[PDB]
Engineer: 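Have a look at this one before I ask anything.
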Amino acid sequence: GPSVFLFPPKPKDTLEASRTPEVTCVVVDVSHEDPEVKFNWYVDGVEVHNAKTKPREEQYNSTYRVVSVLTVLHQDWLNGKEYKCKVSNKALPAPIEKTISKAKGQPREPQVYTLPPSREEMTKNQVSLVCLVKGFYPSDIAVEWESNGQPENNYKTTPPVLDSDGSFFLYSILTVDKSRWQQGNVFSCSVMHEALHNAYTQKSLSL
Amino acid sequence: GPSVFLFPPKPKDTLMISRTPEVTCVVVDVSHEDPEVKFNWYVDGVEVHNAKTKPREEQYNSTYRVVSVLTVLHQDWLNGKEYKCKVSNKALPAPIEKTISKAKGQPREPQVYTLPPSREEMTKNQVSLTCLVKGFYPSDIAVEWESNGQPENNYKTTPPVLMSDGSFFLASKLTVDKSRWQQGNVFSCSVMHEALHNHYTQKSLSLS
Amino acid sequence: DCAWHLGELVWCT
Ligand SMILES: *[C@@H]1O[C@H](CO[C@@H]2O[C@@H](C)[C@@H](O)[C@@H](O)[C@@H]2O)[C@@H](O[C@@H]2O[C@H](CO)[C@@H](O[C@@H]3O[C@H](CO[C@H]4O[C@H](CO)[C@@H](O)[C@H](O)[C@@H]4O[C@@H]4O[C@H](CO)[C@@H](O[C@@H]5O[C@H](CO)[C@H](O)[C@H](O)[C@H]5O)[C@H](O)[C@H]4NC(C)=O)[C@@H](O)[C@H](O[C@H]4O[C@H](CO)[C@@H](O)[C@H](O)[C@@H]4O)[C@@H]3O)[C@H](O)[C@H]2NC(C)=O)[C@H](O)[C@H]1NC(C)=O
Ligand SMILES: *[C@@H]1O[C@H](CO[C@@H]2O[C@@H](C)[C@@H](O)[C@@H](O)[C@@H]2O)[C@@H](O[C@@H]2O[C@H](CO)[C@@H](O[C@@H]3O[C@H](CO[C@H]4O[C@H](CO)[C@@H](O)[C@H](O)[C@@H]4O[C@@H]4O[C@H](CO)[C@@H](O[C@@H]5O[C@H](CO)[C@H](O)[C@H](O)[C@H]5O)[C@H](O)[C@H]4NC(C)=O)[C@@H](O)[C@H](O[C@H]4O[C@H](CO)[C@@H](O)[C@H](O)[C@@H]4O)[C@@H]3O)[C@H](O)[C@H]2NC(C)=O)[C@H](O)[C@H]1NC(C)=O
């Protein structure tokens, strides 16, 4: 029979009032002979009826993919409400229930430190600008870069690593032409996390 | 039916001449009825004979785990030879073959830079010493920290991240009491990777 | 030359 996967909203979506975060229940391996999927949703065991179903999609391996998407309120999610998708299909003995929620436990404010390039790196064409983000709980976060109000896109960020004090940390790295750094330009690290003031901070770095 | 899993040597073992790299062909779900397993090994399609079977292990779920181990040479591995384990057994319509090797691709040397804590970290009880390792290929590596000959075990290291030029970066963060940092103590970043000179480099870090 | 790690030999050219 069918398999179910329930997915969280994007970190950035829960953290920005303008954006609409959602919980996505996906059903794969849905047979051609029985396409009909029945979705029930509950928020803390209380059924809700505002879910919206995505257009059915042919996969070409004999099966359908069926997607139900539940809009959520920021506070409902951040306050830790539990979301349950229940999926009924005629190829199942019994409905499949799946649940998810924000990670549990004391949220912790992240510490954002920007680290300049090393003297040894200064011989190179390009330099590395580092933003160590540490002391945060839970692991749900987003990181970005910029210079004079414009987005700087040549960076990579590690996944959150679990630290020995039970919080998470990551590094993110922006690589720039050494000329730009020598020339005094300001470069900025943007962090969105639930336990920040206004769920946003920005730390800047310049030679 | 019985299933096969084949696992590489530890990078450290392939990288330290004083260690012994080995590849490991694990076979799970071996029935009580037909327990007998036959390993053939090939290295770049050429059969080799010096593999050795580890002691049979009975599991909780009524089946055997049978494991064969091939010693390999540091440079064959690092030169990228392909190692094939072929497993036969009565409960099996057909022998299961599995192959592994080092990731293919020209090796590139990591750039290893050590980085003091942020000025802003200086209020806190503990500070972060950062070891940035950038532009290595392939992702096989070992990073460790020390001071005055002794290992410092209070670090964490990111997994390798793939970059837009095709090499990898990671960072390692060692956490010390601020007073240890303030006290002049020298700390060191050990990086072991195939494309470094002698497979090893070390970078130091102290209060300036 | 040779490199050593915690007094264990790594490699020599
Ligand atoms: C027929 O094919 C289908 C489809 O496969 C595609 O087509 C085939 C023919 C091939 O070409 C494939 O290569 C194609 O993918 C097969 O369906 C697959 O079944 C797999 C298992 O049955 C299933 O594996 C599970 O994957 C989970 C991860 O899924 C993620 O990530 C993968 C990519 O890595 C991606 O394929 C999925 O779509 C999904 O991606 C996320 O989607 C969600 C929801 O849409 C996104 O979040 C929402 O979206 C927006 C953002 O745009 C918004 O922000 C919302 O707010 C937000 O909620 C999210 O962003 C996406 N993430 C990413 C990274 O892309 C694993 O988690 C899972 O593992 C778990 O279970 C295992 C066992 O329990 C454990 O090992 C494991 O540890 C975990 O517990 C599974 O591995 C594949 O996902 C699935 N593929 C698709 C596309 O659905 C089908 O199998 C096949 N049928 C047959 C008979 O062969
Ligand atoms: C009956 O039970 C057995 C065993 O069950 C165990 O006991 C109880 C308590 C259970 O709760 C289990 O959880 C226990 O494992 C079942 O056997 C299991 O079956 C699984 C599949 O059938 C198999 O999954 C595969 O796992 C791979 C990773 O395995 C690692 O890591 C796990 C833990 O994460 C560990 O248990 C394994 O033994 C194995 O560990 C590695 O062993 C190698 C080889 O020895 C080590 O490498 C060597 O190390 C030495 C040092 O001594 C030296 O360095 C050598 O040079 C070097 O070669 C290596 O270091 C070990 N690593 C770790 C972390 O320990 C997955 O990669 C693999 O996934 C792949 O395939 C999947 C599809 O099959 C894909 O989804 C996926 O994408 C991948 O491609 C598998 O998931 C379990 O490993 C296996 N467990 C054991 C112990 O063998 C059995 O299935 C069950 N029977 C029935 C009928 O249900």
Side-chain angles (χ1 to χ4, degrees), chain A residues 1-16 19-32 37 41 51 53-74 76-77 83 85 87 91 96 98-102 140 142 159, chain B residues 1-16 19-32 41 51-59 61-74 77 83 85 91 96 98-102 140 142 159:
Chain A
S3 279
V4 183
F5 300 91
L6 193 63
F7 296 90
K10 282 297 162 303
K12 205 184 191 172
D13 294 328
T14 70
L15 295 171
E16 288 197 33
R19 287 176 194 273
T20 286
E22 44 198 36
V23 164
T24 315
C25 192
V26 183
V27 179
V28 300
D29 290 339
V30 179
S31 89
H32 266 74
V37 174
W41 285 86
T53 301
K54 286 283 208 197
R56 197 178 65 184
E57 219 64 62
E58 180 59 74
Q59 297 302 303
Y60 303 112
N61 66 16
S62 72
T63 67
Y64 292 111
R65 184 167 186 273
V66 187
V67 186
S68 184
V69 181
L70 181 58
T71 304
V72 313
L73 298 186
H74 306 60
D76 285 331
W77 181 267
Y83 304 86
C85 176
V87 171
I96 291 155
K98 291 273 156 147
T99 301
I100 40 69
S101 67
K102 197 180 82 185
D140 293 319
Chain B
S3 326
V4 173
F5 298 90
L6 185 51
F7 300 92
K10 299 296 174 289
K12 246 182 95 171
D13 295 2
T14 76
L15 286 172
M16 289 186 69
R19 274 171 200 218
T20 295
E22 66 198 20
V23 315
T24 309
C25 188
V26 183
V27 183
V28 300
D29 283 351
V30 172
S31 81
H32 269 80
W41 287 88
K52 294 176 220 156
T53 311
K54 291 214 108 93
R56 196 167 64 158
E57 225 83 89
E58 165 85 70
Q59 308 293 290
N61 56 23
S62 284
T63 63
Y64 292 113
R65 188 179 186 264
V66 184
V67 173
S68 174
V69 176
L70 188 64
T71 279
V72 312
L73 301 165
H74 296 81
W77 183 264
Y83 297 90
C85 179
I96 292 155
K98 297 286 190 183
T99 279
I100 53 104
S101 71
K102 199 196 51 157
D140 298 332

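Values reported hereafter were calculated over all heavy atoms of this structure, with side chains retained and with hydrogens, waters and symmetry mates removed. Letters go in sequence order (proteins before strands), and every chain restarts at 1. Counting starts at 1 for both ligands and their atoms, following the listed order.
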Engineer: Of all heavy-atom pairs between B:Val23 and B:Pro9, which one has the smallest distance, and what is that distance?
Structural biologist: CG1-CD, 3.6 Å
Engineer: So which heavy atom in the protein is nearest atom 27 (C) of ligand 1, and how far is it from that ligand atom?
Structural biologist: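 So the nearest neighbour among protein heavy atoms is A:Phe7 CZ, 4.4 Å.
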Engineer: Under 4.0 angstrom from atom 91 (O) of ligand 1, is there any protein heavy atom?
Structural biologist: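 Yes, there is a protein heavy atom closer to it than 4.0 Å.
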Engineer: So if I count the atoms of ligand 2 from 1 in the order they appear, which ones are less than 4.0 Å from some heavy atom of B:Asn61?
Structural biologist: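 What qualifies from ligand 2 is 1 (C), 2 (O), 3 (C), 90 (C), 92 (C), 93 (N), 94 (C), 96 (O).
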Engineer: Using every non-hydrogen atom in the two residues, find where B:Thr99 and B:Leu6 come nearest and quote the distance to one decimal.
Structural biologist: N-CD2, 3.8 Å
Engineer: Do B:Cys85 and B:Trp41 have side-chain heavy atoms sitting under 4.5 Å apart?
Structural biologist: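 The answer is yes, as the side chains (C-beta and beyond) meet within the 4.5 Å cut-off.
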Engineer: Where is the nearest protein heavy atom to atom 47 (O) of ligand 1: which residue, which atom, and how far?
Structural biologist: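 Here the nearest protein heavy atom works out to A:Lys10 NZ, 3.5 Å.
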Engineer: Would you call B:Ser3 a ligand 2 contact, heavy-atom distance under 4.0 Å?
Structural biologist: no
Engineer: Side chain, backbone, both or neither: which applies to A:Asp13 and ligand 1 if a contact is any heavy-atom pair less than 4.0 Å apart?
Structural biologist: side chain
Engineer: Report the member of B:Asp29, B:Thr24, B:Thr63, B:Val72 with the shortest heavy-atom distance to atom 45 (O) of ligand 2.
Structural biologist: B:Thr24
Engineer: Any idea which protein heavy atom is nearest atom 72 (C) of ligand 1, and the distance to it?
Structural biologist: A:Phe5 CE2, 4.9 Å
Engineer: Contact between A:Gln59 and A:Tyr64 at the side-chain level, heavy atoms closer than 4.5 Å - yes or no?
Structural biologist: no
Engineer: Please indicate, with yes or no, if any protein heavy atom is found under 4.0 Å from atom 62 (N) of ligand 1?
Structural biologist: no
Engineer: Please say whether B:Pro8 places an N or O atom under 3.5 Å from an N or O atom belonging to ligand 2.
Structural biologist: yes
Engineer: Give the atom numbers and elements of ligand 1 that come within less than 4.0 Å of a heavy atom of A:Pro9.
Structural biologist: 56 (O)
Engineer: Evaluate the 4.0 Å heavy atom contact test for atom 55 (C) of ligand 1: does a protein atom fall under the cut-off?
Structural biologist: yes
Engineer: I need the contact type for A:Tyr60 against ligand 1. Using non-hydrogen atoms and a strict under-4.0 Å cut-off, is it side chain, backbone, both or neither?
Structural biologist: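 Answer for A:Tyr60: neither.
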Engineer: Does the protein place any heavy atom closer than 4.0 Å to atom 81 (C) of ligand 1?
Structural biologist: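 Yes; the ligand atom in question has protein heavy-atom contact below 4.0 Å.
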Engineer: Give me the nearest non-hydrogen protein atom to atom 18 (C) of ligand 1 as residue plus atom name, then the distance to 0.1 Å.
Structural biologist: A:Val28 CG1, 4.4 Å
Engineer: For the residue pair A:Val37 and A:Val87, establish whether any side-chain heavy-atom pair is separated by less than 4.5 Å.
Structural biologist: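 Yes, at least one pair of side-chain atoms sits under 4.5 Å.
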Engineer: Can you tell me if A:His74 uses its side chain to pair, donor with acceptor, with the backbone of A:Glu16 under 3.5 Å?
Structural biologist: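 Yes, the answer is positive, given that a donor and an acceptor are paired below the 3.5 Å cut-off.
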Engineer: Quick one, B:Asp13 and B:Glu22 - any side-chain contact, counting heavy atoms below 4.5 Å?
Structural biologist: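 No, their side chains stay 4.5 Å or more apart.
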Engineer: Relative to atom 87 (C) of ligand 2, which among B:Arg19, B:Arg65, B:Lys12, B:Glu22 owns the nearest non-hydrogen atom?
Structural biologist: B:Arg65
Engineer: As a test of the contact definition, would atom 95 (C) of ligand 1 count as having a protein heavy-atom neighbour under 4.0 Å?
Structural biologist: yes
Engineer: Write down the atom of A:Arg65, the atom of A:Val26, and the distance for their closest heavy-atom approach.
Structural biologist: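 Reported closest heavy-atom pair: NE-CG1, 3.8 Å.
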Engineer: How close do B:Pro2 and B:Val27 get, counting heavy atoms only, and between which atoms?
Structural biologist: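 Distance-wise, the nearest heavy atoms are CB-CG1, 4.5 Å.
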Engineer: Of the non-hydrogen atoms in B:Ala142 and B:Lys12, which two are nearest, and what is the gap between them?
Structural biologist: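 Scanning both residues, the minimum pair turns out to be CB-CG, 3.9 Å.
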Engineer: Could you tell me whether the side chain of A:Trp77 reaches within less than 4.5 Å of the side chain of A:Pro21, counting heavy atoms only?
Structural biologist: no
Engineer: Side chain or backbone of A:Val67 under 4.0 Å from ligand 1, or both, or neither, by non-hydrogen atoms?
Structural biologist: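 It is neither; nothing of A:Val67 touches ligand 1.
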Engineer: Yes or no, since that's all I need: does a protein heavy atom fall within a distance strictly under 4.0 Å of atom 13 (O) of ligand 1?
Structural biologist: no
Engineer: Look at atom 4 (C) of ligand 1 and say which protein heavy atom is nearest, naming residue and atom and giving the distance to 0.1 Å.
Structural biologist: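 Of every protein heavy atom, A:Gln59 OE1, 3.5 Å lies nearest to atom 4 (C) of ligand 1.
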Engineer: Supply the atom-to-atom distance A:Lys98 NZ to A:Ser3 OG, rounded to the nearest 0.5 angstrom.
Structural biologist: 7.5 Å
